[PDB]
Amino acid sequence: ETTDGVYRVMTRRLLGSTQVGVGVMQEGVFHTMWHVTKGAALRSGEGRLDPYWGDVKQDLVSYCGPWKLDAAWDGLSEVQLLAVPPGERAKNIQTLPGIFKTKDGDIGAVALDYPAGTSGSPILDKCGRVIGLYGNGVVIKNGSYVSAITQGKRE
């Protein structure tokens, strides 16, 4: 299956079948976060997806081709996390991003807490475009999680 959409990343190296993360299929390329697969090969039914591009610092990796997702937080609008938690159905959560302010510029960030196996879930803008992936962030004073809206560079 290479149909566009959101996919679970599953392993059987552990007890039962474990969801280690999430990814986005678009234009025949599978996109997820580096820490989900660590650049490892993936299986899709009878076929095999091998890595094409990856960067630990960005924490992203692409399969079967180059990074295809190039939309970005418009700055102003609220967004939606299409969360795919392990063993639970895909669910849209609407939120207004906060901001990670770095020495290299500002990145949107979403203050939503989901299990680790939700890493790779797409964040979308109102027009349905994926503006980044969830699951790389910080834990702040209160102890809850804030994830960067992590996006790659197209072409």
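Sequential numbering from 1, following the sequence displayed.
Comparing 140-148 with 16-24, the stretch with the higher mean C-alpha B-factor in the PDB entry is 140-148. Higher average CA B factor: 100-108, of the stretches 122-130 and 100-108. Highest CA B-factor among the listed residues (115, 45, 51, 66): 45. Looking at the C-alpha B-factors along this chain, the one for residue 32 belongs to the lowest third.
For residue 41, the recorded CA B-factor ranks within the middle third of the chain. Only modelled residues enter the ranking. Annotation for residue 72: CA B-factor lies in the middle third of the chain's modelled residues. Sort the modelled residues of the chain by CA B factor and residue 94 lands in the middle third.
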